[PDB]
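Here is run_18.cif, consisting of mmCIF, N, CA and C atoms:
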```cif
data_target
loop_
_atom_site.label_atom_id
_atom_site.label_comp_id
_atom_site.auth_asym_id
_atom_site.auth_seq_id
_atom_site.Cartn_x
_atom_site.Cartn_y
_atom_site.Cartn_z
N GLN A 1 232.40 50.65 -35.55
CA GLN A 1 231.68 51.77 -34.90
C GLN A 1 231.55 52.94 -35.89
N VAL A 2 231.49 52.61 -37.18
CA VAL A 2 231.22 53.59 -38.24
C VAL A 2 229.86 54.25 -37.99
N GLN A 3 229.83 55.59 -38.05
CA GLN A 3 228.58 56.33 -37.95
C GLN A 3 228.59 57.39 -39.03
N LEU A 4 227.42 57.60 -39.64
CA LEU A 4 227.18 58.63 -40.58
C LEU A 4 225.80 59.16 -40.28
N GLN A 5 225.67 60.50 -40.18
CA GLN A 5 224.32 61.02 -40.11
C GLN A 5 224.16 62.28 -40.91
N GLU A 6 223.11 62.27 -41.70
CA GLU A 6 222.78 63.36 -42.60
C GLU A 6 221.93 64.40 -41.91
N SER A 7 222.15 65.64 -42.33
CA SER A 7 221.28 66.73 -41.88
C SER A 7 221.18 67.74 -42.99
N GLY A 8 220.30 68.73 -42.78
CA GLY A 8 220.26 69.89 -43.65
C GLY A 8 219.08 69.93 -44.60
N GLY A 9 218.30 68.86 -44.66
CA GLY A 9 217.15 68.83 -45.56
C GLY A 9 216.06 69.75 -45.05
N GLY A 10 214.97 69.79 -45.79
CA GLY A 10 213.82 70.58 -45.38
C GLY A 10 212.94 70.85 -46.55
N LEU A 11 211.93 71.68 -46.32
CA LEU A 11 211.01 72.10 -47.34
C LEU A 11 211.56 73.31 -48.04
N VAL A 12 211.65 73.26 -49.37
CA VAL A 12 212.31 74.33 -50.11
C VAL A 12 211.51 74.64 -51.36
N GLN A 13 211.59 75.87 -51.84
CA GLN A 13 210.90 76.26 -53.07
C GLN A 13 211.66 75.85 -54.31
N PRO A 14 210.95 75.59 -55.41
CA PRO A 14 211.65 75.34 -56.67
C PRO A 14 212.60 76.49 -56.94
N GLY A 15 213.77 76.16 -57.47
CA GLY A 15 214.80 77.11 -57.80
C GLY A 15 215.65 77.50 -56.62
N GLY A 16 215.26 77.03 -55.43
CA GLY A 16 215.96 77.28 -54.18
C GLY A 16 217.22 76.47 -54.03
N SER A 17 217.92 76.73 -52.93
CA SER A 17 219.16 76.02 -52.60
C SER A 17 219.08 75.50 -51.16
N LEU A 18 219.78 74.41 -50.89
CA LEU A 18 219.92 73.87 -49.54
C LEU A 18 221.30 73.29 -49.49
N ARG A 19 221.86 73.18 -48.30
CA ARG A 19 223.13 72.48 -48.18
C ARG A 19 222.93 71.33 -47.20
N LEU A 20 223.22 70.11 -47.65
CA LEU A 20 223.15 68.96 -46.76
C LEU A 20 224.54 68.71 -46.15
N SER A 21 224.52 68.16 -44.95
CA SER A 21 225.73 67.77 -44.25
C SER A 21 225.66 66.30 -43.90
N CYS A 22 226.83 65.70 -43.74
CA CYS A 22 226.90 64.33 -43.27
C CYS A 22 228.07 64.27 -42.32
N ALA A 23 227.79 63.99 -41.06
CA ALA A 23 228.82 63.96 -40.01
C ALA A 23 229.27 62.50 -39.88
N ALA A 24 230.58 62.33 -39.99
CA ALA A 24 231.17 61.02 -39.94
C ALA A 24 232.01 60.76 -38.72
N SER A 25 231.88 59.59 -38.15
CA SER A 25 232.82 59.18 -37.11
C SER A 25 233.04 57.68 -37.14
N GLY A 26 234.03 57.26 -36.37
CA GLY A 26 234.27 55.84 -36.20
C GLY A 26 235.12 55.24 -37.29
N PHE A 27 235.64 56.08 -38.19
CA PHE A 27 236.58 55.65 -39.23
C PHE A 27 237.36 56.88 -39.63
N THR A 28 238.42 56.69 -40.40
CA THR A 28 239.23 57.82 -40.82
C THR A 28 238.62 58.44 -42.05
N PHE A 29 237.82 59.45 -41.80
CA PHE A 29 237.07 60.09 -42.87
C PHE A 29 237.94 60.54 -44.01
N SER A 30 239.04 61.22 -43.67
CA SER A 30 239.93 61.80 -44.67
C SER A 30 240.57 60.78 -45.63
N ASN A 31 240.50 59.47 -45.25
CA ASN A 31 241.10 58.41 -46.08
C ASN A 31 240.06 57.72 -46.95
N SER A 32 238.80 58.14 -46.81
CA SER A 32 237.70 57.51 -47.49
C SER A 32 237.04 58.33 -48.61
N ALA A 33 236.78 57.73 -49.75
CA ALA A 33 236.03 58.42 -50.75
C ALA A 33 234.62 58.42 -50.16
N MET A 34 233.83 59.40 -50.56
CA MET A 34 232.48 59.51 -50.02
C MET A 34 231.51 59.81 -51.13
N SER A 35 230.22 59.56 -50.88
CA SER A 35 229.25 59.79 -51.91
C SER A 35 227.89 60.16 -51.30
N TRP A 36 227.02 60.63 -52.19
CA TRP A 36 225.64 60.84 -51.84
C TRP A 36 224.77 60.02 -52.78
N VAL A 37 223.63 59.53 -52.25
CA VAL A 37 222.65 58.79 -53.01
C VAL A 37 221.29 59.30 -52.55
N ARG A 38 220.28 59.16 -53.36
CA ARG A 38 218.95 59.62 -52.94
C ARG A 38 217.88 58.64 -53.32
N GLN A 39 216.78 58.66 -52.59
CA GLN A 39 215.68 57.77 -52.91
C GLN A 39 214.38 58.46 -52.71
N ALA A 40 213.55 58.49 -53.74
CA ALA A 40 212.21 59.02 -53.58
C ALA A 40 211.35 57.80 -53.34
N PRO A 41 210.26 57.97 -52.54
CA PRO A 41 209.37 56.88 -52.17
C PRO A 41 208.85 56.22 -53.43
N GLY A 42 209.03 54.85 -53.48
CA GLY A 42 208.67 54.04 -54.63
C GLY A 42 209.52 54.17 -55.88
N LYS A 43 210.34 55.24 -56.02
CA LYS A 43 211.33 55.32 -57.07
C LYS A 43 212.53 54.61 -56.57
N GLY A 44 213.50 54.35 -57.39
CA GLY A 44 214.60 53.62 -56.79
C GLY A 44 215.72 54.52 -56.32
N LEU A 45 216.72 53.93 -55.72
CA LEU A 45 217.91 54.65 -55.30
C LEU A 45 218.62 55.21 -56.50
N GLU A 46 219.14 56.44 -56.38
CA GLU A 46 219.85 57.06 -57.46
C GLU A 46 221.14 57.63 -56.92
N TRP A 47 222.29 57.17 -57.42
CA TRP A 47 223.55 57.78 -57.05
C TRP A 47 223.57 59.26 -57.51
N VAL A 48 224.08 60.12 -56.61
CA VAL A 48 224.07 61.55 -56.88
C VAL A 48 225.47 62.12 -57.21
N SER A 49 226.44 61.87 -56.33
CA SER A 49 227.76 62.49 -56.51
C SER A 49 228.76 61.75 -55.61
N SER A 50 230.03 61.84 -55.99
CA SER A 50 231.11 61.31 -55.18
C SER A 50 232.31 62.21 -55.17
N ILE A 51 233.13 61.99 -54.17
CA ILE A 51 234.33 62.78 -53.97
C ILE A 51 235.45 61.93 -53.42
N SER A 52 236.66 62.17 -53.87
CA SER A 52 237.81 61.42 -53.41
C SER A 52 238.14 61.78 -51.99
N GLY A 53 238.93 60.94 -51.33
CA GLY A 53 239.29 61.17 -49.93
C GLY A 53 239.82 62.58 -49.67
N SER A 54 240.69 63.03 -50.57
CA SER A 54 241.37 64.33 -50.46
C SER A 54 240.53 65.48 -50.96
N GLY A 55 239.56 65.20 -51.79
CA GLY A 55 238.71 66.23 -52.35
C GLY A 55 239.27 66.66 -53.69
N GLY A 56 240.32 66.00 -54.16
CA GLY A 56 240.90 66.38 -55.43
C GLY A 56 240.08 66.08 -56.66
N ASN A 57 239.08 65.19 -56.55
CA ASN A 57 238.24 64.80 -57.68
C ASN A 57 236.81 64.64 -57.22
N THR A 58 235.89 65.18 -57.98
CA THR A 58 234.47 64.88 -57.77
C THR A 58 233.81 64.45 -59.05
N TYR A 59 232.68 63.77 -58.87
CA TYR A 59 231.89 63.22 -59.96
C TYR A 59 230.42 63.42 -59.62
N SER A 60 229.60 63.77 -60.61
CA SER A 60 228.18 63.95 -60.37
C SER A 60 227.35 63.30 -61.44
N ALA A 61 226.18 62.83 -61.02
CA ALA A 61 225.26 62.16 -61.90
C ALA A 61 224.66 63.08 -62.93
N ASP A 62 224.25 62.52 -64.07
CA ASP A 62 223.67 63.31 -65.12
C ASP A 62 222.46 64.15 -64.69
N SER A 63 221.68 63.64 -63.75
CA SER A 63 220.48 64.36 -63.32
C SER A 63 220.73 65.58 -62.43
N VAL A 64 221.94 65.68 -61.89
CA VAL A 64 222.24 66.76 -60.93
C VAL A 64 223.49 67.54 -61.29
N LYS A 65 224.26 67.09 -62.24
CA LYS A 65 225.50 67.79 -62.59
C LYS A 65 225.26 69.27 -62.94
N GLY A 66 226.16 70.07 -62.39
CA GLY A 66 226.03 71.51 -62.58
C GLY A 66 225.03 72.20 -61.69
N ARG A 67 224.34 71.43 -60.87
CA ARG A 67 223.44 72.01 -59.88
C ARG A 67 223.81 71.59 -58.48
N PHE A 68 224.25 70.36 -58.29
CA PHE A 68 224.62 69.86 -56.95
C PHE A 68 226.13 69.72 -56.86
N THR A 69 226.68 70.33 -55.82
CA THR A 69 228.13 70.38 -55.58
C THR A 69 228.52 69.67 -54.31
N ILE A 70 229.22 68.55 -54.46
CA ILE A 70 229.78 67.83 -53.32
C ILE A 70 231.04 68.50 -52.85
N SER A 71 231.22 68.45 -51.55
CA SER A 71 232.48 68.92 -50.95
C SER A 71 232.66 68.23 -49.62
N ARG A 72 233.83 68.42 -49.04
CA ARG A 72 234.08 67.87 -47.75
C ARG A 72 235.00 68.74 -46.94
N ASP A 73 234.91 68.57 -45.63
CA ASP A 73 235.86 69.23 -44.74
C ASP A 73 236.50 68.13 -43.93
N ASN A 74 237.70 67.76 -44.35
CA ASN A 74 238.37 66.67 -43.67
C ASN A 74 238.75 66.99 -42.21
N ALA A 75 238.98 68.27 -41.89
CA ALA A 75 239.31 68.63 -40.50
C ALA A 75 238.15 68.42 -39.56
N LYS A 76 236.93 68.55 -40.09
CA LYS A 76 235.72 68.43 -39.28
C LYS A 76 234.94 67.15 -39.56
N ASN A 77 235.54 66.23 -40.31
CA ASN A 77 234.91 64.95 -40.58
C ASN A 77 233.50 65.09 -41.13
N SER A 78 233.35 65.97 -42.13
CA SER A 78 232.02 66.28 -42.62
C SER A 78 232.02 66.29 -44.13
N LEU A 79 230.94 65.73 -44.67
CA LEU A 79 230.66 65.72 -46.09
C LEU A 79 229.48 66.65 -46.38
N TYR A 80 229.51 67.33 -47.51
CA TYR A 80 228.46 68.31 -47.81
C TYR A 80 227.89 68.09 -49.20
N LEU A 81 226.66 68.52 -49.42
CA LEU A 81 226.08 68.59 -50.76
C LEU A 81 225.38 69.93 -50.84
N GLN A 82 225.95 70.82 -51.63
CA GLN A 82 225.30 72.10 -51.90
C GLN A 82 224.35 71.88 -53.06
N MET A 83 223.07 71.91 -52.78
CA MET A 83 222.06 71.73 -53.80
C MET A 83 221.50 73.05 -54.27
N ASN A 84 221.72 73.39 -55.51
CA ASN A 84 221.20 74.62 -56.09
C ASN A 84 220.18 74.33 -57.16
N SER A 85 219.43 75.36 -57.55
CA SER A 85 218.48 75.28 -58.63
C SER A 85 217.55 74.05 -58.47
N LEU A 86 216.95 73.97 -57.28
CA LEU A 86 216.22 72.76 -56.94
C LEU A 86 214.98 72.59 -57.79
N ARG A 87 214.72 71.34 -58.12
CA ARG A 87 213.58 70.99 -58.95
C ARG A 87 212.64 70.02 -58.24
N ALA A 88 211.39 69.96 -58.69
CA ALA A 88 210.47 68.96 -58.15
C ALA A 88 211.07 67.55 -58.12
N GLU A 89 211.79 67.19 -59.17
CA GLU A 89 212.32 65.84 -59.27
C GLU A 89 213.47 65.58 -58.31
N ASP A 90 213.94 66.60 -57.59
CA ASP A 90 214.96 66.46 -56.54
C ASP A 90 214.42 66.07 -55.18
N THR A 91 213.10 66.09 -55.04
CA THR A 91 212.48 65.65 -53.79
C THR A 91 212.81 64.20 -53.54
N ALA A 92 213.35 63.93 -52.38
CA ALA A 92 213.79 62.58 -52.04
C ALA A 92 214.47 62.60 -50.67
N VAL A 93 214.68 61.40 -50.11
CA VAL A 93 215.52 61.25 -48.95
C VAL A 93 216.94 61.09 -49.43
N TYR A 94 217.85 61.87 -48.86
CA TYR A 94 219.26 61.86 -49.28
C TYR A 94 220.07 61.17 -48.23
N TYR A 95 221.01 60.30 -48.66
CA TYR A 95 221.89 59.55 -47.77
C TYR A 95 223.33 59.75 -48.18
N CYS A 96 224.21 59.82 -47.20
CA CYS A 96 225.60 59.82 -47.53
C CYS A 96 226.10 58.37 -47.42
N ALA A 97 227.25 58.18 -48.00
CA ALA A 97 227.85 56.84 -48.06
C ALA A 97 229.33 56.96 -48.04
N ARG A 98 230.04 55.98 -47.41
CA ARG A 98 231.51 56.13 -47.28
C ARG A 98 232.32 55.28 -48.25
N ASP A 99 231.91 55.32 -49.52
CA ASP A 99 232.53 54.67 -50.67
C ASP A 99 232.26 55.55 -51.86
N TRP A 100 232.74 55.16 -53.02
CA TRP A 100 232.53 55.92 -54.25
C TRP A 100 231.12 55.76 -54.82
N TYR A 101 230.55 54.59 -54.53
CA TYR A 101 229.30 54.16 -55.17
C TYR A 101 227.94 54.39 -54.48
N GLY A 102 227.92 55.11 -53.34
CA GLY A 102 226.72 55.38 -52.55
C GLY A 102 226.08 54.09 -52.07
N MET A 103 226.95 53.11 -51.79
CA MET A 103 226.45 51.76 -51.40
C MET A 103 226.92 51.32 -50.01
N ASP A 104 227.56 52.22 -49.26
CA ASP A 104 227.99 51.94 -47.90
C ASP A 104 227.32 53.00 -47.01
N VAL A 105 226.08 52.69 -46.70
CA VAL A 105 225.14 53.65 -46.07
C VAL A 105 224.89 53.27 -44.60
N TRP A 106 225.08 54.22 -43.70
CA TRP A 106 224.97 54.03 -42.25
C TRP A 106 223.93 54.92 -41.55
N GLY A 107 223.43 55.95 -42.24
CA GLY A 107 222.56 56.92 -41.61
C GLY A 107 221.11 56.77 -41.95
N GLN A 108 220.29 57.59 -41.31
CA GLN A 108 218.87 57.56 -41.51
C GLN A 108 218.39 58.43 -42.67
N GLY A 109 219.29 59.25 -43.21
CA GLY A 109 218.92 60.14 -44.29
C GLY A 109 218.39 61.48 -43.86
N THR A 110 218.30 62.35 -44.84
CA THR A 110 217.70 63.64 -44.59
C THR A 110 216.77 63.96 -45.76
N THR A 111 215.55 64.40 -45.44
CA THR A 111 214.56 64.60 -46.48
C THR A 111 214.62 65.97 -47.08
N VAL A 112 214.55 66.04 -48.40
CA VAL A 112 214.49 67.29 -49.15
C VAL A 112 213.18 67.24 -49.88
N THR A 113 212.29 68.20 -49.61
CA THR A 113 211.02 68.23 -50.32
C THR A 113 210.85 69.58 -50.96
N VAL A 114 210.71 69.58 -52.27
CA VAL A 114 210.51 70.78 -53.03
C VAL A 114 209.01 71.06 -53.06
N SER A 115 208.64 72.23 -52.52
CA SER A 115 207.27 72.53 -52.31
C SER A 115 206.58 72.89 -53.62
N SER A 116 205.27 72.72 -53.65
CA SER A 116 204.51 73.08 -54.84
C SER A 116 203.69 74.32 -54.56
#
```

As structure tokens:
Amino acid sequence: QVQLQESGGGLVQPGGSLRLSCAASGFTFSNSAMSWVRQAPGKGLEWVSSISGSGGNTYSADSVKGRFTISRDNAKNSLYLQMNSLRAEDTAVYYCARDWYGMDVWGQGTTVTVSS
């Protein structure tokens, strides 16, 4: 009965910021490493960032490092992605995942579109 659902996307200006959320239930969130992955239509899936169960370690992809900040709130069973300095190439559907590799995906995603 694992559930994950993303929220927080929207239409944003270049250089803007957004914060995505992922609400988790049906498993012990605090014991699970979590990740974000994104997919632009016709481009492939791209791993974005991961975080350890405790939040003691995070990792980010070369394309987003230093701009996108993963975090979590274990008390509220929620995963976050603070996206700053948004670029055209960040437009995509974003998905959370309950593993290190952005490969255990349960939600419908949340769309981030950087406006022109």

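For the set A:107, A:15, A:26, A:66, the residue with the smallest atom-to-atom gap to residue A:88 is A:15, counting only N, CA and C atoms.
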
Practice problem: Write out as a PyMOL selection string each polymer residue whose atoms come within 8 Å of residue A:14, counting only C-alpha atoms; drop sequence neighbours fewer than 3 positions from it. | Solution: chain A and resi 85-88+114-116

Given the selection you just returned, output its residues as a file containing N, CA and C atoms, formatted as an mmCIF file, keeping the file's coordinate frame.
```cif
data_model
loop_
_atom_site.group_PDB
_atom_site.id
_atom_site.type_symbol
_atom_site.label_atom_id
_atom_site.label_comp_id
_atom_site.auth_asym_id
_atom_site.auth_seq_id
_atom_site.Cartn_x
_atom_site.Cartn_y
_atom_site.Cartn_z
ATOM 1 N N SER A 85 219.430 75.360 -57.550
ATOM 2 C CA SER A 85 218.480 75.280 -58.630
ATOM 3 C C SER A 85 217.550 74.050 -58.470
ATOM 4 N N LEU A 86 216.950 73.970 -57.280
ATOM 5 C CA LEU A 86 216.220 72.760 -56.940
ATOM 6 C C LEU A 86 214.980 72.590 -57.790
ATOM 7 N N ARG A 87 214.720 71.340 -58.120
ATOM 8 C CA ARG A 87 213.580 70.990 -58.950
ATOM 9 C C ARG A 87 212.640 70.020 -58.240
ATOM 10 N N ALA A 88 211.390 69.960 -58.690
ATOM 11 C CA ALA A 88 210.470 68.960 -58.150
ATOM 12 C C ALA A 88 211.070 67.550 -58.120
ATOM 13 N N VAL A 114 210.710 69.580 -52.270
ATOM 14 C CA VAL A 114 210.510 70.780 -53.030
ATOM 15 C C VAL A 114 209.010 71.060 -53.060
ATOM 16 N N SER A 115 208.640 72.230 -52.520
ATOM 17 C CA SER A 115 207.270 72.530 -52.310
ATOM 18 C C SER A 115 206.580 72.890 -53.620
ATOM 19 N N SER A 116 205.270 72.720 -53.650
ATOM 20 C CA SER A 116 204.510 73.080 -54.840
ATOM 21 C C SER A 116 203.690 74.320 -54.560
#
```

Self-check item: Picked residues, the PyMOL selection byres (((chain A and resi 71 and name CA) around 6) and name CA), as a VMD selection string
Solution: chain A and resid 70 72 80

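The two atoms in question, atom N of residue A:49 and atom N of residue A:68, are spaced 9.0 Å apart.
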
Practice problem: Would you list, as JSON, numbers by chain, the residues of chain A that end up in strand (DSSP E or B) under DSSP run on this structure's backbone? | Solution: {"A": [3, 4, 5, 6, 7, 10, 11, 12, 18, 19, 20, 21, 22, 23, 24, 25, 34, 35, 36, 37, 38, 39, 45, 46, 47, 48, 49, 50, 51, 58, 59, 60, 68, 69, 70, 71, 72, 73, 78, 79, 80, 81, 82, 83, 92, 93, 94, 95, 96, 97, 110, 111, 112, 113, 114]}

Once the PyMOL selection byres ((chain A and resi 91-93) around 8) has been applied to the shown file, what residues remain in the selection, as a PDB file with N, CA and C atoms, keeping the file's coordinate frame?
```pdb
ATOM      1  N   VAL A  37     223.630  59.530 -52.250  1.00  0.00           N
ATOM      2  CA  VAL A  37     222.650  58.790 -53.010  1.00  0.00           C
ATOM      3  C   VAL A  37     221.290  59.300 -52.550  1.00  0.00           C
ATOM      4  N   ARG A  38     220.280  59.160 -53.360  1.00  0.00           N
ATOM      5  CA  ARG A  38     218.950  59.620 -52.940  1.00  0.00           C
ATOM      6  C   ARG A  38     217.880  58.640 -53.320  1.00  0.00           C
ATOM      7  N   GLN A  39     216.780  58.660 -52.590  1.00  0.00           N
ATOM      8  CA  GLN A  39     215.680  57.770 -52.910  1.00  0.00           C
ATOM      9  C   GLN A  39     214.380  58.460 -52.710  1.00  0.00           C
ATOM     10  N   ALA A  40     213.550  58.490 -53.740  1.00  0.00           N
ATOM     11  CA  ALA A  40     212.210  59.020 -53.580  1.00  0.00           C
ATOM     12  C   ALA A  40     211.350  57.800 -53.340  1.00  0.00           C
ATOM     13  N   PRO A  41     210.260  57.970 -52.540  1.00  0.00           N
ATOM     14  CA  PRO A  41     209.370  56.880 -52.170  1.00  0.00           C
ATOM     15  C   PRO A  41     208.850  56.220 -53.430  1.00  0.00           C
ATOM     16  N   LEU A  86     216.950  73.970 -57.280  1.00  0.00           N
ATOM     17  CA  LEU A  86     216.220  72.760 -56.940  1.00  0.00           C
ATOM     18  C   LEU A  86     214.980  72.590 -57.790  1.00  0.00           C
ATOM     19  N   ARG A  87     214.720  71.340 -58.120  1.00  0.00           N
ATOM     20  CA  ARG A  87     213.580  70.990 -58.950  1.00  0.00           C
ATOM     21  C   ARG A  87     212.640  70.020 -58.240  1.00  0.00           C
ATOM     22  N   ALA A  88     211.390  69.960 -58.690  1.00  0.00           N
ATOM     23  CA  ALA A  88     210.470  68.960 -58.150  1.00  0.00           C
ATOM     24  C   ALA A  88     211.070  67.550 -58.120  1.00  0.00           C
ATOM     25  N   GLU A  89     211.790  67.190 -59.170  1.00  0.00           N
ATOM     26  CA  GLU A  89     212.320  65.840 -59.270  1.00  0.00           C
ATOM     27  C   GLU A  89     213.470  65.580 -58.310  1.00  0.00           C
ATOM     28  N   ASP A  90     213.940  66.600 -57.590  1.00  0.00           N
ATOM     29  CA  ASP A  90     214.960  66.460 -56.540  1.00  0.00           C
ATOM     30  C   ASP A  90     214.420  66.070 -55.180  1.00  0.00           C
ATOM     31  N   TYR A  94     217.850  61.870 -48.860  1.00  0.00           N
ATOM     32  CA  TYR A  94     219.260  61.860 -49.280  1.00  0.00           C
ATOM     33  C   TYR A  94     220.070  61.170 -48.230  1.00  0.00           C
ATOM     34  N   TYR A  95     221.010  60.300 -48.660  1.00  0.00           N
ATOM     35  CA  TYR A  95     221.890  59.550 -47.770  1.00  0.00           C
ATOM     36  C   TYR A  95     223.330  59.750 -48.180  1.00  0.00           C
ATOM     37  N   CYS A  96     224.210  59.820 -47.200  1.00  0.00           N
ATOM     38  CA  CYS A  96     225.600  59.820 -47.530  1.00  0.00           C
ATOM     39  C   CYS A  96     226.100  58.370 -47.420  1.00  0.00           C
ATOM     40  N   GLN A 108     220.290  57.590 -41.310  1.00  0.00           N
ATOM     41  CA  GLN A 108     218.870  57.560 -41.510  1.00  0.00           C
ATOM     42  C   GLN A 108     218.390  58.430 -42.670  1.00  0.00           C
ATOM     43  N   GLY A 109     219.290  59.250 -43.210  1.00  0.00           N
ATOM     44  CA  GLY A 109     218.920  60.140 -44.290  1.00  0.00           C
ATOM     45  C   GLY A 109     218.390  61.480 -43.860  1.00  0.00           C
ATOM     46  N   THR A 110     218.300  62.350 -44.840  1.00  0.00           N
ATOM     47  CA  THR A 110     217.700  63.640 -44.590  1.00  0.00           C
ATOM     48  C   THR A 110     216.770  63.960 -45.760  1.00  0.00           C
ATOM     49  N   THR A 111     215.550  64.400 -45.440  1.00  0.00           N
ATOM     50  CA  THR A 111     214.560  64.600 -46.480  1.00  0.00           C
ATOM     51  C   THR A 111     214.620  65.970 -47.080  1.00  0.00           C
ATOM     52  N   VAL A 112     214.550  66.040 -48.400  1.00  0.00           N
ATOM     53  CA  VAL A 112     214.490  67.290 -49.150  1.00  0.00           C
ATOM     54  C   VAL A 112     213.180  67.240 -49.880  1.00  0.00           C
ATOM     55  N   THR A 113     212.290  68.200 -49.610  1.00  0.00           N
ATOM     56  CA  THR A 113     211.020  68.230 -50.320  1.00  0.00           C
ATOM     57  C   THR A 113     210.850  69.580 -50.960  1.00  0.00           C
ATOM     58  N   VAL A 114     210.710  69.580 -52.270  1.00  0.00           N
ATOM     59  CA  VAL A 114     210.510  70.780 -53.030  1.00  0.00           C
ATOM     60  C   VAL A 114     209.010  71.060 -53.060  1.00  0.00           C
ATOM     61  N   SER A 115     208.640  72.230 -52.520  1.00  0.00           N
ATOM     62  CA  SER A 115     207.270  72.530 -52.310  1.00  0.00           C
ATOM     63  C   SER A 115     206.580  72.890 -53.620  1.00  0.00           C
TER      64      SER A 115
END
```

Please extract stretch 40-58 of chain A and write it out with C-alpha atoms, as a short mmCIF file (atom, residue, chain, number, x, y, z; two decimals), in the first residue's frame.
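Final output, saved to part_26.cif:
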```
data_model
loop_
_atom_site.label_atom_id
_atom_site.label_comp_id
_atom_site.auth_asym_id
_atom_site.auth_seq_id
_atom_site.Cartn_x
_atom_site.Cartn_y
_atom_site.Cartn_z
CA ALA A 40 10.86 15.82 -20.31
CA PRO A 41 8.54 14.64 -23.13
CA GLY A 42 10.60 12.55 -25.57
CA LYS A 43 13.81 13.12 -23.57
CA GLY A 44 14.67 10.36 -21.25
CA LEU A 45 14.42 9.98 -17.51
CA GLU A 46 17.13 11.81 -15.63
CA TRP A 47 18.02 11.14 -12.00
CA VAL A 48 18.06 14.44 -10.10
CA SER A 49 18.99 13.98 -6.42
CA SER A 50 18.89 11.55 -3.51
CA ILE A 51 18.87 11.65 0.23
CA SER A 52 19.55 9.10 2.94
CA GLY A 53 16.79 7.93 5.27
CA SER A 54 18.02 10.20 8.07
CA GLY A 55 18.88 13.13 5.85
CA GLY A 56 22.53 12.89 6.81
CA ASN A 57 23.72 12.62 3.19
CA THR A 58 22.50 14.02 -0.09
#
```
